[PDB]
2 protein chains.
Amino acid sequence: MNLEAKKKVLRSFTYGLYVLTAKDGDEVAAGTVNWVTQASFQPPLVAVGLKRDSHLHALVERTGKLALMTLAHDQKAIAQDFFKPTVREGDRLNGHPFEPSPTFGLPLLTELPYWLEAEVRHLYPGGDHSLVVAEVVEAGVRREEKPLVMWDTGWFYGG
Amino acid sequence: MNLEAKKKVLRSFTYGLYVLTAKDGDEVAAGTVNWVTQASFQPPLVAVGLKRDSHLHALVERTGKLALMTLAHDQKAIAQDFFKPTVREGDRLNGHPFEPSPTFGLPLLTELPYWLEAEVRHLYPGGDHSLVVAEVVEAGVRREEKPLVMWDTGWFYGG
Ligand SMILES: Cc1cc2nc3c(=O)[nH]c(=O)nc-3n(C[C@H](O)[C@H](O)[C@H](O)COP(=O)(O)OP(=O)(O)OC[C@H]3O[C@@H](n4cnc5c(N)ncnc54)[C@H](O)[C@@H]3O)c2cc1C
Ligand SMILES: Cc1cc2nc3c(=O)[nH]c(=O)nc-3n(C[C@H](O)[C@H](O)[C@H](O)COP(=O)(O)OP(=O)(O)OC[C@H]3O[C@@H](n4cnc5c(N)ncnc54)[C@H](O)[C@@H]3O)c2cc1C
Ligand SMILES: Cc1cc2nc3c(=O)[nH]c(=O)nc-3n(C[C@H](O)[C@H](O)[C@H](O)COP(=O)(O)O)c2cc1C
Ligand SMILES: Cc1cc2nc3c(=O)[nH]c(=O)nc-3n(C[C@H](O)[C@H](O)[C@H](O)COP(=O)(O)O)c2cc1C
């Protein structure tokens with residue numbers, strides 16, 4: 001196939017920026033992700049493309065539980081902080097305060113305006129990423145704000 | 001759960017705008033979609049949330065074939081034209097010229113800068129939408145342009 005064109009086409013896709021968290025006892029993982037879409041109104045499903053070779057994947061597949069937070073428009077610095085491995089500093093992950101989510105006790109970054117907790121319904125191991133489909137079981141809004149659009153950061157993850 | 005919050009959280013997600021096409025003989029369907037994400041680099045997978053109760057879904061599930069085009073930043077008018085049922089006017093669909101895609105003969109809207117053809121690898125019937133995962137088999141670029149970001153239209157499809 002035309003490989004240069006495939007890369008350019010996939011890089012024309014528009015994404016937001018989100019932090020996905022997971023945990024199992026003392027194992028905690030948090031990572032910035034873009035490959036996220038809603039996948040039904042009823043039930044309320046979210047789909048996430050999750051790198052197979054990652055701690056997040058290992059925890060999500062093992063526990064069937066995840067949390068996802070939307071980054072605000074002024075939070076590119078927070079997104080940057082979750083491209084590196086997750087270190088817990090008391091009640092912070094990579095410098096950012098968290099609280100346990102109400103159903104599953106997953107890390108919710110308090111600074112981020114929108115969050116959801118979700119139970120995995122399906123995992124399709126398609127390639128170097130699995131497509132994880134999860135049903136929203138609880139959510140919260142701290143304030144309404146414009147989210148961080150990947151275009152505005154100059155970053156890409158795709159192609 | 002907190003339903004008002006769930007709606008607001010899912011509506012904080014960022015999407016692009018794309019036209020998805022499908023066909024089986026004289027049956028042709030084209031629709032504007034937002035629930036689209038890449039789902040692996042290898043193989044090159046795209047995932048689409050496709051309304052179960054739609055002609056697009058019927059054709060995609062039946063033939064296992066789809067095409068997806070990215071709308072340019074100045075093409076909100078084109079996006080609007082594919083929220084209504086698809087009528088073929090010779091070599092146009094809803095006023096917009098198409099050509100057959102090279103592998104599968106699916107409608108490619110010539111005005112749109114980026115296109116891909118894909119073969120369905122997996123279909124998860126999760127709810128009112130199915131999550132269709134497809135591998136990119138051919139693609140093309142007509143020109144590099146900024147894509148249409150859903151935020152900039154004032155439209156929503158989510159919650
Ligand atoms: C712009 C951008 C967008 C991105 N979008 C996505 C996206 O959409 N989806 C996605 O998945 N990634 C995406 N990534 C990468 C993502 O941010 C990282 O994979 C994520 O930060 C890793 O989280 P983690 O530190 O908990 O995982 P890890 O890479 O695993 O690092 C955490 C620690 O866990 C250990 N570890 C590694 N593998 C395992 C394992 N299998 N079992 C137990 N422990 C392990 C490591 O040694 C490390 O110390 C993106 C990156 C960028 C730059
Ligand atoms: C902002 C926005 C975003 C959207 N995003 C998405 C998205 O992400 N994913 C998504 O799926 N939709 C999305 N939609 C809706 C999507 O644009 C329409 O479902 C699409 O335009 C329908 O295409 P169609 O006309 O070929 O399907 P149809 O609704 O089916 O209409 C085409 C014709 O086919 C007939 N038909 C209906 N059902 C069948 C059937 N099952 N078998 C055979 N024929 C049938 C109808 O009578 C009609 O004449 C979005 C809408 C908006 C407003
Ligand atoms: C920002 C970014 C962009 C990437 N783009 C591509 C790509 O275009 N094609 C591809 O095959 N892999 C791409 N990859 C994946 C890497 O080439 C490769 O799989 C590597 O293992 C990624 O490791 P890591 O993302 O866990 O750090 C990308 C990874 C990142 C971080
Ligand atoms: C723009 C748009 C937004 C929608 N938002 C919601 C939503 O918030 N919650 C929901 O349950 N359904 C939502 N729906 C789905 C409809 O309420 C309902 O399922 C209907 O059958 C949609 O028909 P149609 O999209 O095929 O025209 C939305 C549909 C559209 C067109």
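Within every chain, numbering begins at 1; the chains are lettered A, B, ... in the order of the sequence lines, protein sequences first and strands thereafter.
Counting heavy atoms from C-beta on, the side chains of B:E145 and B:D74 come closer than 4.5 Å. Taking the side chain as every heavy atom from C-beta outward, B:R88 and B:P107 never approach each other to under 4.5 Å. In this structure, the side chains of A:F13 and A:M150 stay at 4.5 Å or more apart for every pair of heavy atoms. Here the side chains of B:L68 and B:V136 are not in contact, with every heavy-atom distance at 4.5 Å or above. Inter-residue side-chain proximity for B:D53 and B:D128 is flagged as unmet; no heavy-atom pair is nearer than 4.5 Å. At a threshold of 4.5 Å between non-hydrogen side-chain atoms, the residues A:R11 and B:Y114 do not count as touching. Side-chain contact check for A:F104 versus A:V137: some heavy-atom pair is nearer than 4.5 Å. Inter-residue side-chain proximity for A:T86 and A:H55 is flagged as unmet; no heavy-atom pair is nearer than 4.5 Å.
Other residues, nucleotides and ligands contribute only 12 or fewer heavy atoms inside 6.0 Å of the CZ atom of B:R92.
Between A:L66 and the options A:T21, A:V132, A:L50, A:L59, a side-chain contact (heavy atoms from CB on, under 4.5 Å) holds for only A:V132.
Ring orientation note: the planes of B:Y15 and B:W35 are tilted relative to one another, at an angle of 30° to 60°. Between B:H122 and A:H122, the ring planes are parallel. Angles under 30° get that label, and only those over 60° would be called perpendicular.
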With ring pair (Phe, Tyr, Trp, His ring centres under 6.0 Å) as the criterion, how do A:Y157 and B:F41 come out once you've worked through the C-alpha distance, each side chain's angles and the decisive distance to 0.1 Å?
CA-CA 9 Å; A:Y157 189 81; B:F41 293 109; 5.1 Å; yes
For B:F82 and B:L93, run side chain to side chain contact (heavy atoms under 4.5 Å, CB included): C-alpha distance rounded to whole Å, both residues' side-chain angles, the deciding distance at 0.1 Å, then the answer.
CA-CA 9 Å; B:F82 295 101; B:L93 296 181; 4.0 Å; yes
Would you sort out whether B:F156 and B:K7 count as a side chain to side chain contact (heavy atoms under 4.5 Å, CB included), showing the intermediate values?
CA-CA 11 Å; B:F156 54 85; B:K7 298 181 233 145; over 6 Å; no
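Considering every non-hydrogen atom in both A:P147 and B:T14, the closest pair reads CG-OG1, 3.8 Å. Minimum heavy-atom separation, A:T70 to A:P113: O-CD, 3.3 Å. Across every non-hydrogen atom of A:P125 and A:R52, the tightest pair is CB-NH2, 3.4 Å. The nearest pair of heavy atoms linking A:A139 to B:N2 is O-CB, 3.8 Å. For A:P102 against A:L108, the heavy-atom pair with the smallest separation is CD-CD2, 4.2 Å. What you find for B:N94 and B:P85 is that their closest heavy atoms are ND2-O, 3.2 Å.
The backbone N or O of A:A79 sits less than 3.5 Å from a side-chain atom of A:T32, completing a donor-acceptor pair.
Residues B:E138 and B:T103 have side chains that never bring a donor and an acceptor to within less than 3.5 angstrom of each other. Under 3.5 Å, the side chains of A:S130 and A:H57 contain a donor-acceptor pair of N or O atoms.
Put simply, B:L17 and B:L10 are part of the same group of oily side chains (I, L, V, M, F, W, Y) that touch within less than 4.5 Å, one to the next. Following chains of ILVMFWY side-chain contacts shorter than 4.5 Å, one can reach A:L123 starting from A:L56, so the two form part of one hydrophobic cluster. Residues A:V87 and A:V28 fall into different hydrophobic clusters, defined by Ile, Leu, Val, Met, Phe, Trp and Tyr side chains chained together at heavy-atom separations under 4.5 Å.
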